[PDB]
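Chains as they are written, first to last, in the authors' numbering: chain A, 81 to 470, 517 to 609; chain A', 81 to 470, 517 to 609. A prime marks a further copy of an entry chain.
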DNA sequence: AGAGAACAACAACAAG
DNA sequence: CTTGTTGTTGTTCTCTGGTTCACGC
DNA sequence: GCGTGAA
DNA sequence: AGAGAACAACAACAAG
DNA sequence: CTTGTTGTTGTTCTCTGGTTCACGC
DNA sequence: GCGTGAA
Ligand code: NA
Ligand code: NA
């Protein structure tokens, strides 16, 4: 038990042999700190203890080709294993997924990613189900649904009606899922609000463009090195990138005026009304908070959609101290928040917010349809629960929730609040933690593309479609079912 | 001694624990096969044997930060060590270096790379001396020479007159080395011949451009997937890339006509006189042989410069069976080979070729200056050799070489031929293997940039200038002084 | 050339 | 014999040859 | 002073 | 958000 | 006390949100 | 049939 430490002169040879691994095999300094790398050294000291210090390393060490073939083998294994645990969630309603498409930068295979999302031991599960190519079929709806089913047939899922799907409004995607539950990613919606709002306020184009021309010049003249925080990409459309550049420009205002002065290029910054820039950055600062809040799948996010909208109605509260150009932006942004964000919300966004214990808010109209909604879902739990055998009624259990009060203490976790409430509310708290499992966005699947890209790289470019789907699910699995 | 193998059920857990390293820590399948990775497992089985199977892995395993600090520490160590072995070569004449500049794709620091080249135990040493930033000084000659000296002062080299330098004709570089021995990279020269030759034969622009428009369309329409050998980049100037595209296009002729036919885009290939394309590819095929021959620093290359030129005079031998457009190219190419390649050769390229045992060739004029050259260098050996103490004369030893004959057997290694000849020729064979050490090009330093780029990557982007210079020299060192 | 990666396609070989 | 599991070959894909110095008229 | 050349 | 990387700048701590 | 060697913090940099489907007039 | 929208 008591893991013995090693002599000082011994460990001087660990950092002597590790720093040789990294220079000879061109590997990252932080490979040594990897949760998988350590367990693989546990195994090699054990074997050393067993067979002594004169073992056939070559022979005993596997071959990359077989390592390739084992991940391919172990892939199917771990898929079958949870083939049951997954199958549970989809049956017992509370399973949500997010899908989107993505295309790699070397072969350019169209890819479809799927994740899955459910609640368990007072914790959330963001698991990467599949990432399969369409080889090169047209990205048509029916081909997508074709490959959607194939991911779920891997774990023996097949009704996929009880599944709540969360995607962007990509026309081809939207149609694929017209047969089942589909929730609109609120990050694309929010991004749509910004995009359309700033398009609709071209009074602000003059400041912005000039900023972009600053960044563009700093990149071209090889002088981002004199900044303590280099200036960011203009508008290659990374969600809220317009705030991003503006801040990095503002956060380096003094150094920039100085650098441009030395260049004699002072001409191209003086026309920038900084007063406005600043004002934009404060207004969008509130927004960036909502972006990160809604990219969370390790804590309930769906429920935070409605109150975010109110914060935006408030950042954009009309104020008689504003220059007309900002007045226009706030005017426009409240307009889009209505016709774009509100317009594409559903009773999954309200009900998720209803199950927030400060339930005082949505007192108006919405409870009459939420009650209609809430009742019919708890009824489908029982339906599928009676199939599992082979006073205190819900319509009142509802209003017993509506009478309670709570405070919003900074340590409050409404996810834990329902695990610690299932006794009095046995069948409603199973509905709640089912909705708190739904992610407010498809950012999960977005990270899968980030991850996928982390694998299929310059040197690793020969990598196969199956190798990638395996390696992803595995990594994802060894995170949801291991410590 | 007899390294014992492990049980079958034990190794099933090696490939069970290795395939977990690779999915959890997103690492290449071929990390398991790395010459540095194995020696680092040798150490961990040994320690397991010693302290048993219940060791504190965490505590004993180093920290990335320290791993960073050890490579930085061990860097200076290994630099001082060979501080002597290096210092030898530069003193004893037979040291050659290659330098060039390069700028990384994330910080864009101007970089200066240096390698060193000498002969020893019948083998060649391509060693990466330095890769240091100019931070952000102008890439001016005197700044370059400033940083040139700083690399050589690391190993306590300081006269750097006896050093033979090999670089491209970059104006700023060329001047830095105007004080010492500087040989023109024959790959840039050869590349200059192609470039200027094809510029000077615009009759061939019509076929070529149409090919480039083929590639450009295959990339844009996502249909390189139906090729068994995708079509290559048009003209982003990778040395002989014009042959490269042409071959990949030709090597997929039938599939391309078919793919374009399906697209209805048959219009954009039919005007390509394939007859010519083919002819270009045969002519440039000979050339690509010379490119790879001259990028070699693990075998003498300098000596193969002159005879290559003759092969080109021969690939381009005038032939009455040629369409005028190819006649023009060969006409132009013999013209540039003279005024570009020949024009920038020196008696280091002839003398290196003289020390090829089929010495019958260069019988004309050149021996009268080579004898003038050859004598004065063997005289400087003695000069520095007499300082090392603190009949059969050279002018005849010369012509004793000129009388011999040899055959060009396919297994002949003229590098080994001089190690097996030093007895009769004690002071001339030291001159020979000094010149056979000089690389015909700066391709060595080019690979260093390839290597450098392999380190400073997307995720590893924070990497420091010192970290990179270290990691390079180390990797380079553990290859020239280890088995 | 030099490096880094991955497979297809075998060939070997083994279990059944 | 058929399966299934390996190991080895060879084939394919990357990547650095890159934009501002120095000079002469 | 500006074009040319080579990277 | 989630992931991967690296340091500067400390703080700890130790040797001398 | 001064050195030198560590370990820990926090700050900075990456990266996926991406171009062709589906629809309606 | 072609524009518009959303990616
Ligand atoms: Na998409
Ligand atoms: Na260069």
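C-beta: ideal position from N, C-alpha, C; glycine also.
- Note that the C-beta distance between residue 385 (chain A') and residue 570 (chain A') is not below 8 Å.
- Listed along chain A', the residues sitting closer than 9 Å to residue 117 (chain A) by beta-carbon distance are 101, 104, 105, 107, 141.
- Annotated as proximal: residue 178 (chain A') and residue 247 (chain A'), with beta-carbon spacing under 8 Å.
- Of the candidates A':180, A':123, A':313, A':123 places its Cα closest to the Cα of residue 133 (chain A).
- Within the stretch 170–197 of chain A, the residues whose Cβ lies closer than 9 Å to any Cβ of chain A' are, in chain order, 183, 187, 188, 189, 190.
- Judged by DSSP secondary structure, residue 119 (chain A') falls within the alpha helix (DSSP H) whose first and last residues are 115–131.
- Contact annotation: residue 419 (chain A') and residue 453 (chain A') have beta-carbon atoms that are not nearer than 8 Å.
- Within a 10 Å sphere around the beta-carbon of residue 332 (chain A) sit 16 or more other beta-carbons, which makes this residue buried.
- Beyond the five residues adjoining it in sequence on each side, residue 291 (chain A) comes within less than 8 Å, by CB distance, of 314, 325, 326, 329, 352, 357 in the same chain, given in chain order.
- Annotation for residue 321 (chain A): the continuous alpha helix (DSSP H) segment containing it runs 321–330.
- Shown in chain order are the residues whose CB sits closer than 6 Å to a heavy atom of ligand 1: A:180, A:181, A:248, A:250.
- Taking the C-beta atoms as reference points, residue 175 (chain A) is found nearer than 8 Å to residue 196 (chain A).
- DSSP places residue 244 (chain A') in the uninterrupted beta strand (DSSP E) bounded by 243–247.
- Contact between residue 144 (chain A) and residue 109 (chain A') holds, with the beta-carbon distance rounding to 4 Å and staying under 8 Å.
- Spanning the alpha carbons of residue 544 (chain A') and residue 608 (chain A') requires a straight line of approximately 24 Å.
- Residue-level contact by beta carbon holds for residue 93 (chain A') and chain A, with a gap shorter than 8 Å.
- By the rule that beta-carbons nearer than 8 Å mark a contact, residue 607 (chain A) does not touch chain A'.
- In this structure, residue 579 (chain A') keeps its C-beta atom at 8 Å or more from the C-beta atom of residue 180 (chain A').
- In this structure, A':243 is the residue among A':276, A':160, A':243, A':263 with its C-alpha nearest to the C-alpha of residue 173 (chain A').
- Residue environment: residue 416 (chain A') is assigned as buried (16 or more neighbouring CB atoms within 10 Å of its CB, all protein chains considered).
- Look at residue 416 (chain A): its C-beta is not under 8 Å from any C-beta on chain A'.
- Taking a Cβ-Cβ cut-off of 9 Å, the neighbours of residue 216 (chain A') in chain A comprise 302, 303, 305, 306, given in sequence order.
- Here residue 606 (chain A') really is in contact with residue 207 (chain A'); their C-beta atoms are around 5 Å apart, less than 8 Å.
- For residue 537 (chain A), there is no enclosing alpha helix (DSSP H), as DSSP gives it neither H nor E.
- Rounded to whole angstroms, the separation of the alpha carbons of residue 88 (chain A) and residue 365 (chain A') is 60 Å.
- In the three-state reduction of the DSSP assignment, residue 208 (chain A) falls in the strand class.
- Taking each of A':461, A':463, A':525, A':219 in turn and checking the Cα distance to residue 251 (chain A'), the smallest one comes out for A':219.
- For residue 175 (chain A'), the secondary structure class from DSSP, reduced to helix, strand or coil, is strand.
- Under the criterion of beta carbons closer than 8 Å, residue 141 (chain A') and residue 112 (chain A) qualify as touching, at roughly 6 Å.
- Contiguous beta strand (DSSP E) elements confined to the stretch 327–406 of chain A do not occur, taking only those with 3 or more residues.
- Counting of Cβ neighbours within 10 angstroms places residue 401 (chain A') among the exposed residues, the total staying below 16.
- Residue 121 (chain A') reaches chain A at 124, 137, 141, counting residues in chain order whose Cβ is nearer than 8 Å.
- Judged by their CB atoms, residue 84 (chain A') and residue 186 (chain A) are not nearer to each other than the 8 Å cut-off.
- With 16 or more other CB atoms across the displayed protein chains lying within 10 angstroms of its CB, residue 100 (chain A) is buried.
- Contact annotation, residue 361 (chain A) with residue 323 (chain A): C-beta distance approximately 6 Å; criterion of less than 8 Å satisfied.
- In the three-state reduction of the DSSP assignment, residue 531 (chain A) falls in the coil class.
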